[PDB]
6 protein chains.
Amino acid sequence: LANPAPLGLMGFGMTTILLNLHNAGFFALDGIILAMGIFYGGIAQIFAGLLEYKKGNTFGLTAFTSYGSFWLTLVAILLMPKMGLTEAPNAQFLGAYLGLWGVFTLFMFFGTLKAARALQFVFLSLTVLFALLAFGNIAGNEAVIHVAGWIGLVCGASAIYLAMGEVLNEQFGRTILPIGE
Amino acid sequence: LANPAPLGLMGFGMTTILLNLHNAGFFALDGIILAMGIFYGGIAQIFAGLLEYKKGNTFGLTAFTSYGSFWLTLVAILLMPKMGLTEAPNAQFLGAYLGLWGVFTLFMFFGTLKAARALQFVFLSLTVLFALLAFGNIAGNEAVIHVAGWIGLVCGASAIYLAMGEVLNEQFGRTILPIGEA
Amino acid sequence: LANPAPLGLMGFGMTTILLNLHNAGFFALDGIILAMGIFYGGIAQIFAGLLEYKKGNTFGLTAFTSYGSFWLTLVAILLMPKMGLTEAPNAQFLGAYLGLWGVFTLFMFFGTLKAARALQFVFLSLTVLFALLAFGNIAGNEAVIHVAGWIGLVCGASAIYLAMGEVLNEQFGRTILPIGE
Amino acid sequence: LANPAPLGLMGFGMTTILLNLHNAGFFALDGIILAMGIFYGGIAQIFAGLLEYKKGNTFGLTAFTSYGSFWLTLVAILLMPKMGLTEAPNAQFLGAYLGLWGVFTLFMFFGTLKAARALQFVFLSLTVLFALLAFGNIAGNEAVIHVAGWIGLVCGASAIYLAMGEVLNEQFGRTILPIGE
Amino acid sequence: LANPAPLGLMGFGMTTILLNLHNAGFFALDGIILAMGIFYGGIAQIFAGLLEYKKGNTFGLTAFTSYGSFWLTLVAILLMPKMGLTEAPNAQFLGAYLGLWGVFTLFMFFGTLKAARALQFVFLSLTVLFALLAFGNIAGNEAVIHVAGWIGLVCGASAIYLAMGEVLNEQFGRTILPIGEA
Amino acid sequence: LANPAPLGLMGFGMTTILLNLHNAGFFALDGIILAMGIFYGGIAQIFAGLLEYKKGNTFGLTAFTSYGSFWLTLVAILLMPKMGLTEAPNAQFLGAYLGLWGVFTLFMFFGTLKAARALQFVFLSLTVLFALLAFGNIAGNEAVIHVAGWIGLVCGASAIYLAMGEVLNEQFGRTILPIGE
Ligand SMILES: CCCCCCC/C=C/CCCCCC(=O)OC[C@@H](O)CO
Ligand SMILES: CCCCCCC/C=C/CCCCCC(=O)OC[C@@H](O)CO
């Protein structure tokens, strides 16, 4: 069976990068972030999680499907007011929501200790990303959100690296991109 | 085949904490509760429930798919009035609705006895969570609703703890977080 | 493979009680019944029906997928007018619609004659539930609708007992809740 | 594997019966017909067709999926104007559309000659149903549509019969309802 | 495993006839063309295309899923303006769009040579169908559009004939309708 | 199992030509490109990607499912404003979005170094296609967008040749259209 991990890391990677260009301040929360969170960071990563089921990878099923659902919850929070369904979110409830996802990311980082180090760097930077976004929203500190953006850019780039690191290593049967096995 | 239980416990646990942060009085019924109740506590738990089928886990198939269906139904209750389809729910009807989920949770708690004791603590606290949410809403007693909020914060936290207990114990091949594994 | 019957009986059983809590006159036809009819009584029972396909259960594939579709059709009957698509449903038409579900349920009840005594009670009371609801809708009889609610409350409560009977008995490997297997 | 044919015949059966109570004149084109054509006569019969794939039944895959899609096309024709998307259909284009489905039903009736006669009666009455509906719409003859309704009631009833005939015969392992094998 | 080709040929054939009854001048672009292009000519052919995967039929997987995708795209072209999303399509753009489908149909016709000669007649007439629909719409020549309508009525009829030829030949175990089976 | 690559290359190849017929300046960004981006270039390529999972093709599972998601994200970028959900996409943001798809395409191009010479041309021209579209969107260069269209017309036309090359060659069992296998 094929390896679905690079698809989810690519889905997580490009979607994490784009969101944090806004968090860093390059742009505003554009629909380019919203479209990628629905299909790539969302459904395409949901597909990567469900495909780890027949692979016996409990971590992959848990990681990709959870974060894939996270992007679907993120877009839903931002678009339901534009549909008149809800109110715009409370930033402290957004901080705790971003904080709970940091707790999930934290324990999952310990699950990467016996794994490739490029995946450990992804889950460590994602822990820093979720932790900085949580305190930045609760405290109302826009500077920390700017900091979390640059961490998210590093987080999303390294996720794309491992995605393309796994593919290029399987296509040629040798280490084309070293991932820290 | 992979173990889907951490996916259903994380979706149930994370969403339960956020909803009961509102019942405890910290925040109002914000859109984050509704978003988590659709995709993580809802659809992601449906997946985790459906993935118990080929695993031969009738309990996990029943529980995760039902609680995933619970979160989906609870969201449609709170959003259909804003869609102009229905009206705001009769609060006492919501008590029997949650009370039926308490009856389901109570019976399912008896099914956890020969499982991990963390799972027994999840289904027992969830039974107490659904119960105080039913009574406090039927009688309109905001105090027990606040007390129900604190019980759920423990119930959701123990479900996340059990999910991550199951993840680390397989990633390390040794009991990293003791889940009372029978 | 796991047993999908407790999942379908629970979704059907809970939505039956909640529906007939309105048929008994306690509450109006709430959005709680509509939401429970879509996902738990409907789609969750659609899933439980399809799971019976690889189980070799023609009856379970036919029953759960039909009653799961019933809750989906019933919700569409009551919600399409609110969208400007449909008029209010005709009371005599809705009774024939309930009668056809009672006719289908009647034949399926005889299919349970060689199964657990608890499953026989579920299909027996559901046939009387559909019949009283069909008769009460065609005739416009408030009292028959009230009696149907009490029939449905017990029918949905017994379906929960059978579902939880099939859950606990497999957990402990013996009869914890007797179901007349 | 389970037998998905009774689910489709039940999905086709109840949906064919209800539509032709309007075609016969008992009621108007209510949403009860529209809801059943979306989920039962549509999706639930689509499920019956896709499940005949692993059964090697080319006829079952072709029959249930085609007529399941037919109900989805029927509801789409009737509801797209109510959504402002299209114009109300031209009855001659509806007659040819109903006529083309009769041609499909005609050749599929010859495919039932070496099969159970209860299925032959279904596809023969469905051929009469589609043929009467086609000429009735093209000619503008409301009387023939009244005739096609009563044929559709017989067609939908016999389809439910075979659906419950196959289930009750498999549950007991003997002929409970004779279908003309 | 079942033979899904009659499902894709019936959905393609039935929908092709109805659309080209309009191109021949009998009727206007009515909602029946749009309904058939979604569920039968579209989704039902996607299913028939997806069901060729485990059958090892790269041709049937490619053709049915693409032509099912064609009918879905053609409907979204004609309905998005009514939805207020887009504007009415540039007629000459629709000619290159159909011309690309003619290029796809032409190459796929060469793949039918070692198949049933009825299938060769389907893909050859379909190539002529897409071609005259492209030219007559690029130049705005309503006459060849009408001539394209008559070609499609034959192309759709031969696809239905081949579908029912495949059904009866398996139901009877003997060639009931000769499809030029190689 | 069948080969899903011709289905995905056709959907990507046709939608590439149609998109770049607007990038070349011949037509405006039509609804024909949006519809072809949803179903053929998008979902049909999503199907073709998932089919590669049981084929053991990590590259094909990653490529088709990503570019199929790309056409789905691109259509959502251009249609969400028309629904009142989103502002118009930023030209510099859209260029970075195109650049990330070019970065992903660049690494995947090296994955084709041990495959057919026709697949190498597809990923080579698509990388230049994304780069010119990314550069032309960030800089706002009408001429670079025009050159990108001609790059895309040939890229989509060659993808059709490779797809039809993989179709005909399996039909006849020999090389009918040379692809550099
Ligand atoms: C949309 C269908 C595409 C089929 C492509 C994959 C091949 C599987 C063929 C079986 C299709 C049956 C539809 C649902 C199904 O999987 O049945 C099995 C499951 O429902 C029983 O537990
Ligand atoms: C919604 C998922 C529920 C799963 C229940 C049926 C058990 C199948 C487990 C595999 C899930 C992977 C998701 C898609 C899939 O079937 O992969 C196989 C296919 O895509 C490769 O051709």
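The rules behind the values
- Throughout, residue numbers begin from 1 within each chain and advance along the sequence as written. They need not agree with those in the entry, and any residue without coordinates is left out.
- To read the labels, note that chains go from A and ligands from 1, taken in the order they are written.
- Heavy atoms throughout the structure, all of them, feed into the side-chain values; hydrogens and water do not.
- UniProt positions are given in the numbering used here, feature names are shortened, and annotations may be inferred rather than shown by experiment.
- The criterion for a residue being near a molecule or strand is simple. One of its heavy atoms has to lie within 4 Å of it.
- The definition of a polar contact used here is a pair of N or O atoms within 3.5 Å, where within protein one atom must be able to donate a hydrogen and the other to accept one, and adjacent residues in sequence count solely through side-chain atom pairs.
- Accessibility throughout is a Shrake-Rupley quantity obtained with a 1.4 Å probe, and a residue counts as covered only by protein chains that appear here.
- We place a 1 Å grid over just the protein atoms. Points where a 1.4 Å probe fits but has no way out form a cavity, open points with protein on both sides within 12 Å along at least 5 of 7 lines form a pocket, and any residue with an atom within 4 Å of a point lines it.
- Placement in a cavity or pocket follows one criterion, namely that more than half of the molecule's atoms lie within 2 Å of its grid points.
- Labels follow the DSSP assignment, with helices taken as runs of H or I lasting at least four residues and strands as runs of E lasting at least two, numbered in each case from the N terminus.
- Polarity classes work like this: nonpolar for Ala, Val, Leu, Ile, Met, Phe, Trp, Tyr, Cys and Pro, charged for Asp, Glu, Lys and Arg, and polar for all others, with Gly in that last group.
- Grid points are joined across faces, edges and corners, and a volume is the space filled by probe spheres set on the points.
- Two residues form a contact once any of their heavy atoms are found within 4.5 Å.
- When two components associate, each loses some accessible surface as probed by a 1.4 Å sphere; the sum of these losses over both components is called the buried area.
- Every case where a carboxyl oxygen of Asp or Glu lies within 4 Å of a side-chain nitrogen of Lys or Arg is listed as a salt bridge.
- Working definition: a ring pair exists when centres of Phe, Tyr or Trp rings (six-membered ring for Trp) sit within 6.5 Å. Plane angles under 30 degrees give stacked, over 60 give edge-to-face, the rest tilted.
- Only protein chains enter the accessibility calculation, which uses a 1.4 Å probe. A residue is then buried if its area is under 20% of the maximum for its type, exposed if over 50%, and partly exposed in between.
- As used in this record, nonpolar core signifies buried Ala, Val, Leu, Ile, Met, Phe, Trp, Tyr and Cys residues forming a set joined through side-chain atoms within 4.5 Å.
- Residues enter patches when their relative accessible area tops 30% and they take part in no salt bridge; the joining distance is 9 Å for like charges and 5 Å for the nonpolar side chains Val, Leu, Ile, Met, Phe, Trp and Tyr.
- Within this scheme the basic residues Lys and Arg register as positive and the acidic residues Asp and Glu register as negative, but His and the chain ends are omitted.
- A charged residue contributes its charge at one atom only: NZ of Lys, CZ of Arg, CG of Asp or CD of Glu.
- Given the number of residues in a helix, its expected span is that number minus one, multiplied by 1.5 Å.

- Structure determination for this entry, per the PDB record, employed X-ray crystallography and reached 2.798 Å resolution.

- Looking at the PDB entry, one finds chain A named Succinate-Acetate Permease and attributed to Citrobacter koseri ATCC BAA-895.
- The record lists the entry's title as "2.8 angstrom crystal structure of Succinate-Acetate Permease from Citrobacter koseri".
- Recorded in UniProt for chain A, the comment headed Sequence similarities (unreviewed entry) runs: "Belongs to the acetate uptake transporter (AceTr) (TC 2.A.96) family."

- Chain B has the name Succinate-Acetate Permease in the PDB entry, where Citrobacter koseri ATCC BAA-895 is given as its organism.
- UniProt annotates chain B under Subcellular location (unreviewed entry) with the comment "Membrane".

1. Side note on the site of ligand 1
Here comes step 1: The immediate surroundings of ligand 1 are formed by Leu50, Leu51, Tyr53 and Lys54 of chain C, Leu50, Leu51, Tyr53 and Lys54 of chain D together with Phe47, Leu50, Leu51 and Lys54 of chain E.
Here comes step 2: Surrounding ligand 1 are residues belonging to chains C, D and E, so the site spans chains.
Here comes step 3: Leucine 50 of chain C places a polar main-chain atom, nitrogen or oxygen, 3.4 Å from an oxygen atom of ligand 1.
Here comes step 4: Across the complex, the protein chains shield 71% of the 580 Å² of accessible surface that ligand 1 would expose by itself.
Here comes step 5: For ligand 1, the cavity whose grid points lie within 2 Å of the majority of its atoms is the largest pocket.

2. Quick notes on the site of ligand 2
Here comes step 1: The environment of ligand 2 is formed by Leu50, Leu51, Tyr53 and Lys54 of chain A, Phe47, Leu50, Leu51 and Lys54 of chain B together with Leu50, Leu51, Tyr53 and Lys54 of chain F.
Here comes step 2: At a separation of 3.4 Å, an oxygen atom of ligand 2 approaches a polar backbone atom of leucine 50 of chain F.
Here comes step 3: A total of 570 Å² of accessible area belongs to ligand 2 in isolation, and the protein chains cover 72% of it.
Here comes step 4: When atom positions are compared with the pocket grids, ligand 2 is found to occupy the largest pocket.
Here comes step 5: Those elements giving two or more residues to the shell around ligand 2 turn out to be α2 (31-51) of chain A, α2 (31-50) of chain B together with α2 (31-51) of chain F.
Here comes step 6: Classifying every residue of the shell around ligand 2 gives nine nonpolar, no polar and three charged.

3. Some words on the layout of surface pockets
To find the voids left in a structure, one rolls a probe of water-molecule size over its atoms.
Here comes step 1: Here the largest pocket defines a volume of roughly 2,200 Å³.
Here comes step 2: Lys54 of chain A, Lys54 of chain C, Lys54 of chain D, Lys54 of chain E together with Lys54 of chain F are the residues nearest the centre of the largest pocket, which is lined by 37 residues in total.
Here comes step 3: If you list the elements that add at least two residues to the lining of the largest pocket, you get α2 of chain A, α2 of chain B, α2 (31-51) of chain C, α2 (31-51) of chain D, α2 (31-50) of chain E together with α2 and α3 (58-79) of chain F.
Here comes step 4: Ranked by residue count, the leading element in the lining of the largest pocket is α2 of chain A, at six residues.
Here comes step 5: Its residues assigned to classes, the lining of the largest pocket shows 30 nonpolar, one polar and six charged.
Here comes step 6: There is about 820 Å³ of room inside the second largest pocket.
Here comes step 7: For the second largest pocket, the lining is made up of 39 residues, of which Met83 of chain D together with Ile38, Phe39, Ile43 and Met83 of chain E are closest to its centre.
Here comes step 8: For the lining of the second largest pocket, the elements supplying multiple residues, two or more each, are α3 (58-79) of chain C, α2 and α3 (58-79) of chain D, α2 and α3 (58-79) of chain E together with α2 and α3 of chain F.
Here comes step 9: Across the lining of the second largest pocket, the residue classes tally to 39 nonpolar, no polar and no charged.

4. A closer look at the interface of chain E and chain D
Here comes step 1: Every contact between the two is made by 39 residues of chain E and, on the other side, 40 residues of chain D.
Here comes step 2: Counting the surface lost from both chain E and chain D, the interface buries some 3,500 Å², and carbon and sulfur atoms represent 79% of this.
Here comes step 3: In this structure, the connection of chain E to chain D is made through zero salt bridges.
Here comes step 4: Of all the elements in the fold, those that place two or more residues in the side of chain E that touches chain D are α1 (5-23), α2 and α6 (142-171) of chain E.
Here comes step 5: Sorting elements by how many residues they give to the side of chain E that touches chain D places α2 of chain E first, with 11 residues.
Here comes step 6: For the side of chain E that touches chain D, the residue count by class is 31 nonpolar, three polar and five charged.

5. Comments concerning the packing of aromatic side chains
Here comes step 1: Scanning all chains against the criterion turns up 96 aromatic pairs over all chains.
Here comes step 2: Between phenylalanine 70 of chain A and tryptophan 101 of chain A, the ring centres sit 5.4 Å apart and the planes meet at 65°, which makes this aromatic pair edge-to-face. One end of the pair, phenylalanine 70 of chain A, is in helix α3 (residues 58-79); the other, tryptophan 101 of chain A, is in helix α4 (residues 91-110), and 31 residues separate them in sequence. Accessibility classification places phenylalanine 70 of chain A together with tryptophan 101 of chain A in one group, the buried group.
Here comes step 3: Between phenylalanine 70 of chain A and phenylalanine 130 of chain A, the aromatic rings sit 5.1 Å apart at their centres with planes inclined by 80°, giving edge-to-face as the arrangement. In this pair, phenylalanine 70 of chain A is assigned in helix α3 and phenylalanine 130 of chain A in helix α5 (residues 117-139), connecting sequence segments 60 residues apart.
Here comes step 4: Since its relative accessible area comes to 3%, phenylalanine 130 of chain A is described here as buried.
Here comes step 5: Pairwise contacts between aromatic rings join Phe12, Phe59, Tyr67, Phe70, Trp71, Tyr97, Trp101, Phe104, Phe123 and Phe130 of chain A together with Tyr40 of chain B into one cluster.

6. Structural notes on the UniProt feature "transmembrane region" (unreviewed entry) in chain B
Here comes step 1: Those residues carrying the UniProt feature "transmembrane region" (unreviewed entry) are residues 7-26, 32-51, 58-79, 91-111, 118-138 and 144-164 of chain B in this numbering.
Here comes step 2: End-to-end, the C-alpha atoms of residues 91-111 of chain B are 30 Å apart, and along that stretch the chain is 95% helix and 0% strand.

7. Let's talk about the nonpolar core
Here comes step 1: Among the nonpolar cores identified, the biggest contains 422 residues, and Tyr97 of chain A, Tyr97 of chain B, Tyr97 of chain C, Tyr97 of chain D, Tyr97 of chain E together with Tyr97 of chain F are the most heavily contacted of them.
Here comes step 2: Once residues lying within four places of it in the same chain are set aside, the contact partners of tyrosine 97 of chain A are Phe70, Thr73, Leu74 and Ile77 of chain A together with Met14, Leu18, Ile32 and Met36 of chain B.

8. Some words on the arrangement of the chains
Here comes step 1: Separated in space, chain C and chain E share no contact, their closest pair of C-alpha atoms being 15 Å apart.
Here comes step 2: Chain D makes no contact with chain F; the smallest distance between any of their C-alpha atoms is 15 Å.

9. Brief notes about a positive patch on the surface
Here comes step 1: A cluster of basic residues, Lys54 of chain A, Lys54 of chain B, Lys54 of chain C, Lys54 of chain D, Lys54 of chain E together with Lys54 of chain F, forms a positive patch on the protein surface.
Here comes step 2: Among the secondary structure elements, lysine 54 of chain C is positioned in the loop between α2 and α3.
Here comes step 3: Look at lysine 54 of chain C and you get partly exposed, because its relative accessible area is 39%.

10. Considerations on helix α5 (residues 117-138) of chain B
Here comes step 1: Along its 22 residues, α5 of chain B runs 31 Å from first to last C-alpha, staying within 8% of the 32 Å computed at 1.5 Å per residue.
Here comes step 2: A positive phi of about 70° marks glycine 140 of chain B, the residue just after α5 of chain B.

11. Structural notes on the environment of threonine 62 of chain B
Here comes step 1: Inspection of the secondary structure puts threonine 62 of chain B in helix α3 (residues 58-79).
Here comes step 2: Separated by 46 residues in the primary sequence, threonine 62 of chain B and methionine 108 of chain B place their C-alpha atoms 9.2 Å from one another.
Here comes step 3: Dropping the residues within four chain positions of it, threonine 62 of chain B is found in contact with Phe104 and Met108 of chain B together with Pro6, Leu7, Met164 and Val167 of chain C.

12. Regarding the interface of chain A and chain B
Here comes step 1: Of the residues lining the interface, 40 residues belong to chain A; the matching set on chain B comes to 39 residues.
Here comes step 2: Contact between chain A and chain B buries roughly 3,500 Å² in total, counting both sides, with carbon and sulfur atoms accounting for 79%.
Here comes step 3: Sorting the residues of chain A by area buried against chain B places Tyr53, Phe93 and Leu100 of chain A first, and these three jointly supply 23% of that buried surface.
Here comes step 4: Joining chain A to chain B, the criterion identifies zero salt bridges.
Here comes step 5: In this assembly, chain A and chain B are joined by eight residue pairs in polar contact.
Here comes step 6: Within the side of chain A that touches chain B, the residues separate by chemical class into 23 nonpolar, 13 polar and four charged.

13. Quick look at α3 of chain E
All names here are of chain E.
Here comes step 1: Compared with the 32 Å implied by 1.5 Å per residue over 22 residues, the 32 Å span of α3 between its first and last C-alpha is a close match.
Here comes step 2: In terms of residue burial, α3 counts as a mostly covered element, since 21 of its 22 residues are buried.
Here comes step 3: Where α3 begins, the capping side chain belongs to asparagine 57, and its oxygen is found 3.3 Å from the backbone nitrogen of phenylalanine 59.

14. A few points about the environment of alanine 63 of chain F
Residues and elements named next belong to chain F.
Here comes step 1: Relative to the elements of secondary structure, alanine 63 occurs in helix α3.
Here comes step 2: Take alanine 63: its relative accessible area is 4%, and that puts it in the buried class.
Here comes step 3: Along the backbone, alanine 63 and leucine 1 are 62 residues apart, and their C-alpha atoms lie at a distance of 19 Å.

15. Things to note about the UniProt feature "transmembrane region" (unreviewed entry) in chain A
Here comes step 1: What UniProt calls "transmembrane region" (unreviewed entry) maps, in this numbering, to residues 7-26, 32-51, 58-79, 91-111, 118-138 and 144-164 of chain A.
Here comes step 2: Measuring from the first to the last C-alpha atom of residues 58-79 of chain A gives 32 Å, for a span that is 100% helix and 0% strand.

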